[PDB]
Every structure is written in structure tokens, then in C-alpha cells.
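Coordinates as given in structure-v4.pdb (PDB, C-alpha atoms):
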ATOM      1  CA  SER A   2     -50.525  27.856 -31.448  1.00  0.00           C
ATOM      2  CA  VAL A   3     -54.049  27.281 -30.147  1.00  0.00           C
ATOM      3  CA  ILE A   4     -54.500  26.489 -26.468  1.00  0.00           C
ATOM      4  CA  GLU A   5     -57.165  24.457 -24.715  1.00  0.00           C
ATOM      5  CA  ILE A   6     -58.402  26.170 -21.630  1.00  0.00           C
ATOM      6  CA  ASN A   7     -61.046  25.330 -19.080  1.00  0.00           C
ATOM      7  CA  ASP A   8     -63.061  26.623 -16.107  1.00  0.00           C
ATOM      8  CA  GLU A   9     -59.897  26.488 -13.967  1.00  0.00           C
ATOM      9  CA  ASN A  10     -57.383  28.561 -16.011  1.00  0.00           C
ATOM     10  CA  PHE A  11     -59.668  30.826 -17.979  1.00  0.00           C
ATOM     11  CA  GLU A  12     -59.195  33.828 -15.712  1.00  0.00           C
ATOM     12  CA  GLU A  13     -55.435  33.680 -15.754  1.00  0.00           C
ATOM     13  CA  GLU A  14     -55.095  32.784 -19.458  1.00  0.00           C
ATOM     14  CA  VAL A  15     -57.791  34.915 -21.003  1.00  0.00           C
ATOM     15  CA  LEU A  16     -58.823  37.707 -18.694  1.00  0.00           C
ATOM     16  CA  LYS A  17     -55.332  38.492 -17.538  1.00  0.00           C
ATOM     17  CA  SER A  18     -53.687  38.148 -20.927  1.00  0.00           C
ATOM     18  CA  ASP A  19     -51.544  41.053 -22.103  1.00  0.00           C
ATOM     19  CA  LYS A  20     -52.732  40.594 -25.676  1.00  0.00           C
ATOM     20  CA  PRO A  21     -56.032  40.047 -27.441  1.00  0.00           C
ATOM     21  CA  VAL A  22     -57.472  36.584 -27.077  1.00  0.00           C
ATOM     22  CA  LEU A  23     -59.845  34.915 -29.470  1.00  0.00           C
ATOM     23  CA  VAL A  24     -61.754  32.226 -27.643  1.00  0.00           C
ATOM     24  CA  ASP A  25     -63.509  29.509 -29.650  1.00  0.00           C
ATOM     25  CA  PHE A  26     -66.359  27.889 -27.734  1.00  0.00           C
ATOM     26  CA  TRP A  27     -66.943  24.492 -29.330  1.00  0.00           C
ATOM     27  CA  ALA A  28     -67.867  20.895 -28.667  1.00  0.00           C
ATOM     28  CA  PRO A  29     -67.068  17.537 -30.335  1.00  0.00           C
ATOM     29  CA  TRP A  30     -70.645  17.000 -31.551  1.00  0.00           C
ATOM     30  CA  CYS A  31     -70.876  20.280 -33.423  1.00  0.00           C
ATOM     31  CA  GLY A  32     -70.145  19.921 -37.115  1.00  0.00           C
ATOM     32  CA  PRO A  33     -69.638  23.594 -37.898  1.00  0.00           C
ATOM     33  CA  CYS A  34     -67.049  23.736 -35.070  1.00  0.00           C
ATOM     34  CA  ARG A  35     -65.043  21.201 -36.975  1.00  0.00           C
ATOM     35  CA  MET A  36     -65.377  23.446 -40.008  1.00  0.00           C
ATOM     36  CA  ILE A  37     -63.830  26.502 -38.358  1.00  0.00           C
ATOM     37  CA  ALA A  38     -61.084  24.632 -36.590  1.00  0.00           C
ATOM     38  CA  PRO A  39     -58.578  24.723 -39.473  1.00  0.00           C
ATOM     39  CA  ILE A  40     -59.412  28.406 -39.829  1.00  0.00           C
ATOM     40  CA  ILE A  41     -58.566  29.066 -36.198  1.00  0.00           C
ATOM     41  CA  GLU A  42     -55.333  27.109 -36.852  1.00  0.00           C
ATOM     42  CA  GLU A  43     -54.459  29.288 -39.909  1.00  0.00           C
ATOM     43  CA  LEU A  44     -55.059  32.484 -37.979  1.00  0.00           C
ATOM     44  CA  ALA A  45     -52.932  31.395 -35.027  1.00  0.00           C
ATOM     45  CA  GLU A  46     -49.997  30.927 -37.353  1.00  0.00           C
ATOM     46  CA  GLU A  47     -50.560  34.211 -39.151  1.00  0.00           C
ATOM     47  CA  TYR A  48     -50.893  36.139 -35.851  1.00  0.00           C
ATOM     48  CA  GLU A  49     -48.379  34.260 -33.708  1.00  0.00           C
ATOM     49  CA  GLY A  50     -47.117  36.579 -30.979  1.00  0.00           C
ATOM     50  CA  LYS A  51     -49.804  39.239 -31.556  1.00  0.00           C
ATOM     51  CA  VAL A  52     -53.025  37.424 -30.744  1.00  0.00           C
ATOM     52  CA  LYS A  53     -53.709  34.468 -28.581  1.00  0.00           C
ATOM     53  CA  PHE A  54     -56.142  31.767 -29.655  1.00  0.00           C
ATOM     54  CA  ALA A  55     -57.957  29.558 -27.204  1.00  0.00           C
ATOM     55  CA  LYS A  56     -60.599  26.876 -27.289  1.00  0.00           C
ATOM     56  CA  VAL A  57     -63.113  26.022 -24.631  1.00  0.00           C
ATOM     57  CA  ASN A  58     -65.060  22.768 -24.890  1.00  0.00           C
ATOM     58  CA  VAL A  59     -68.469  23.656 -23.513  1.00  0.00           C
ATOM     59  CA  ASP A  60     -69.295  20.028 -22.681  1.00  0.00           C
ATOM     60  CA  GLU A  61     -66.514  20.061 -20.037  1.00  0.00           C
ATOM     61  CA  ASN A  62     -66.749  23.743 -18.994  1.00  0.00           C
ATOM     62  CA  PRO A  63     -70.280  24.792 -17.948  1.00  0.00           C
ATOM     63  CA  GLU A  64     -69.136  27.653 -15.661  1.00  0.00           C
ATOM     64  CA  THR A  65     -67.262  29.451 -18.388  1.00  0.00           C
ATOM     65  CA  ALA A  66     -70.096  28.933 -20.863  1.00  0.00           C
ATOM     66  CA  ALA A  67     -72.681  30.242 -18.384  1.00  0.00           C
ATOM     67  CA  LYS A  68     -70.507  33.154 -17.436  1.00  0.00           C
ATOM     68  CA  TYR A  69     -70.717  34.415 -21.028  1.00  0.00           C
ATOM     69  CA  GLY A  70     -74.215  33.215 -21.899  1.00  0.00           C
ATOM     70  CA  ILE A  71     -72.936  30.719 -24.476  1.00  0.00           C
ATOM     71  CA  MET A  72     -76.039  28.824 -25.708  1.00  0.00           C
ATOM     72  CA  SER A  73     -75.175  28.103 -29.376  1.00  0.00           C
ATOM     73  CA  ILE A  74     -71.887  27.011 -30.875  1.00  0.00           C
ATOM     74  CA  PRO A  75     -69.652  27.776 -32.362  1.00  0.00           C
ATOM     75  CA  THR A  76     -69.299  31.128 -30.607  1.00  0.00           C
ATOM     76  CA  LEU A  77     -66.134  33.193 -30.873  1.00  0.00           C
ATOM     77  CA  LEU A  78     -65.509  35.890 -28.279  1.00  0.00           C
ATOM     78  CA  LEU A  79     -62.680  38.307 -28.721  1.00  0.00           C
ATOM     79  CA  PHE A  80     -61.225  39.576 -25.465  1.00  0.00           C
ATOM     80  CA  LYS A  81     -58.943  42.499 -24.828  1.00  0.00           C
ATOM     81  CA  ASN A  82     -57.937  43.662 -21.311  1.00  0.00           C
ATOM     82  CA  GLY A  83     -60.369  41.358 -19.529  1.00  0.00           C
ATOM     83  CA  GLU A  84     -63.306  42.580 -21.676  1.00  0.00           C
ATOM     84  CA  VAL A  85     -65.361  40.944 -24.445  1.00  0.00           C
ATOM     85  CA  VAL A  86     -64.879  43.311 -27.380  1.00  0.00           C
ATOM     86  CA  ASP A  87     -66.549  41.260 -30.125  1.00  0.00           C
ATOM     87  CA  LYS A  88     -68.808  38.277 -30.455  1.00  0.00           C
ATOM     88  CA  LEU A  89     -69.565  35.983 -33.350  1.00  0.00           C
ATOM     89  CA  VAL A  90     -72.185  33.284 -33.164  1.00  0.00           C
ATOM     90  CA  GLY A  91     -72.117  30.671 -35.948  1.00  0.00           C
ATOM     91  CA  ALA A  92     -69.337  29.455 -38.222  1.00  0.00           C
ATOM     92  CA  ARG A  93     -67.790  32.185 -40.362  1.00  0.00           C
ATOM     93  CA  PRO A  94     -65.088  32.472 -43.082  1.00  0.00           C
ATOM     94  CA  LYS A  95     -61.458  33.346 -42.313  1.00  0.00           C
ATOM     95  CA  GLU A  96     -61.916  36.877 -43.621  1.00  0.00           C
ATOM     96  CA  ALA A  97     -64.850  37.622 -41.312  1.00  0.00           C
ATOM     97  CA  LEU A  98     -62.710  36.691 -38.275  1.00  0.00           C
ATOM     98  CA  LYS A  99     -59.642  38.494 -39.607  1.00  0.00           C
ATOM     99  CA  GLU A 100     -61.631  41.704 -39.910  1.00  0.00           C
ATOM    100  CA  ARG A 101     -62.813  41.621 -36.325  1.00  0.00           C
ATOM    101  CA  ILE A 102     -59.337  40.746 -35.075  1.00  0.00           C
ATOM    102  CA  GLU A 103     -57.793  43.578 -37.123  1.00  0.00           C
ATOM    103  CA  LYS A 104     -60.197  46.119 -35.657  1.00  0.00           C
ATOM    104  CA  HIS A 105     -58.746  45.362 -32.197  1.00  0.00           C
ATOM    105  CA  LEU A 106     -55.055  45.693 -33.163  1.00  0.00           C
TER     106      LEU A 106
END
Please lay out the structure from this file as C-alpha cells.
Amino acid sequence: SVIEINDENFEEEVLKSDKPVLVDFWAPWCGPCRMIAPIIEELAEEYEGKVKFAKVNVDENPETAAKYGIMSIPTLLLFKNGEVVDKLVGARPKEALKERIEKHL
């Protein structure tokens, strides 16, 4: 399943994760975020146990946004071993995200 994370637990849950983490930076007012949400849901089921999926609401988490220069949403950062290993700005199809995830497995 998808997890909601925030300024407080980001380090432990994302940077210290023992598997790849896809982090979806979103906000309630962003239409396209709502468009990719069911996609993020589909992927989390397909990759249960292999990849971790997280959401950060940028309206409540300025520090985490700033720390990665998030200025537009949606933005999807893929992390592995504490490092950002891919970055997608803008809504994208399931297949576009699957491809980037697959590259890092």
C-alpha cells in the first residue's frame, strides 16, 4: 500500500528504506495529482514487497519540498539507498512510471 509521509518521518521512511521508494509529491488542489493517484495505487499492488510508494502533501510539508526543489506538482522522485535516482515532473501514464521503476530493480 501507499503511505503518507511528512517532514518528520521522511528520513527514516524514505532515505533509510532498504528498498526503492517512489515518492509522489502532490497537493489537494492539483487536478493532475488526482489523475495519477489511481495509477500510484495500481503500481503499489503490482509491486507490493519490492517497491515502496509514498505520498508527500507539499501544502503540509515545506521542508521536504524545499529540500528537493519541488516547485511544480505532481513530481515523482524515485529513491534508492538514500539517493534520488529518477525524477518525473508532470502527470504521466502507468507505463512511463513502470519503465523508470523497472530500470532500478
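Under the PyMOL selection byres ((chain A and resi 87-89) around 6), the matching residues in the shown file are residues 76, 77, 78, 79, 85, 86 and 90 of chain A.
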Range 46-57 of chain A, all listed atoms, 3 Å padding on each side: what axis-aligned box centre and edge lengths in Å to one decimal come out, as JSON?
{"center_x": -55.1, "center_y": 32.6, "center_z": -31.9, "size_x": 22.0, "size_y": 19.2, "size_z": 20.5}
Exercise for review: Convert the output of the PyMOL selection byres ((chain A and resi 6-22) around 8) on the shown file into explicit residues, formatted as a PyMOL selection string.
Suggested key: chain A and resi 4-5+23-24+51-58+61-65+79-84+105
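CA of residue 32 in chain A is found 28.1 Å from CA of residue 104 in chain A.
Interatomic distance, CA of residue 2 in chain A to CA of residue 99 in chain A: 16.2 Å.
Minimum distance to residue 28 in chain A across A:60, A:73, A:67, A:93 (counting all atoms listed in the file) occurs at A:60.
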Practice item. Tell me, as a PyMOL selection string, which residues lie within 8 Å of residue 37 in chain A, counting all atoms listed in the file; anything in the same chain fewer than 4 positions away does not count. Key: chain A and resi 33+41+92-94
